[PDB]
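Shown below, as structure tokens, is a lone chain in the form deposited in one PDB entry; questions about how it binds or moves come after it.
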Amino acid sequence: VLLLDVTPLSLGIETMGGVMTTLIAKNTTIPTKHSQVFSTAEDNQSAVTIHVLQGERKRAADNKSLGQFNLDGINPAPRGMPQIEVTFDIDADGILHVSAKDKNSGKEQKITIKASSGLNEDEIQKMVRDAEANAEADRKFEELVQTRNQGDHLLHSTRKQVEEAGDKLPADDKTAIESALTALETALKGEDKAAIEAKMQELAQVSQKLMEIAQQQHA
């Protein structure tokens, strides 16, 4: 062949933290179909928003938005349990079909994005060199989102484990733990990675008895 059809830019979706998660990498030959399974961010979440992105930046907002759609009717469940399979399918004609399917209900929604959508050749070149000019700032952004997500995991899981502990937890411990979750929740709203890390560390330092109870509960 003298020619190939390739994706000039990565394609994916926005996930928690405002990050672009890639489903089809830059320079993949088409046709191609890739899938990954995602889940919900909150307890009792009834819907997910699939925000489709084109580009090479780690921040969703710095990539080109190809569309969005919602999948509703997710049944009540703890965060992280539902399985929402997202498939990106680019056919021989260069048309992108994005679908999200809830594997519990079998419910599905799609967006179709015609071959002409997204960034033109001048923006494509601008995008590739911006991703390169910014590899460092994007890395620091990725590390901050990762920290924030781990802190949100620690916040939520520790709250669930305080509740399952009930009176097994000594009152001194619960006071220390609860003041530290308040401090973590507050830090999570900011942009200071070391402050988040500091509040996570304080929670680990005051939660050793809680950790022991929760381990024993399922041991």
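One-based numbering along the sequence shown.
Taking only CA atoms, the mean B-factor in the PDB entry is higher for 206-214 than for the other of 206-214 and 17-25. With 47-55 and 159-167 compared on mean CA B-factor from the PDB entry, the stretch scoring higher is 159-167.
Across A135, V145, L71, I95, the entry's maximum B-factor at the CA atom is seen for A135.
Residue set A77, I111, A100, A115: peak C-alpha B-factor at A115 (per PDB entry). Among the modelled residues of its chain, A180 has a C-alpha B-factor that falls in the middle third according to the deposited record. Ranked by Cα temperature factor within the chain, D89 sits in the middle third according to the deposited record.
Among all modelled residues in its chain, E191 ranks in the highest third by Cα B-factor.
Remark: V37 belongs to the lowest third of its chain, ranked by C-alpha B-factor as recorded. Split the chain's modelled residues into thirds by C-alpha temperature factor. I30 is in the highest one.
Absent from the display: the form deposited in another entry. The rest refers to it.
Scanning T112, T40, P31, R148 for the location where one rigid part gives way to the other between this form and the one not shown picks out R148 as the hinge.
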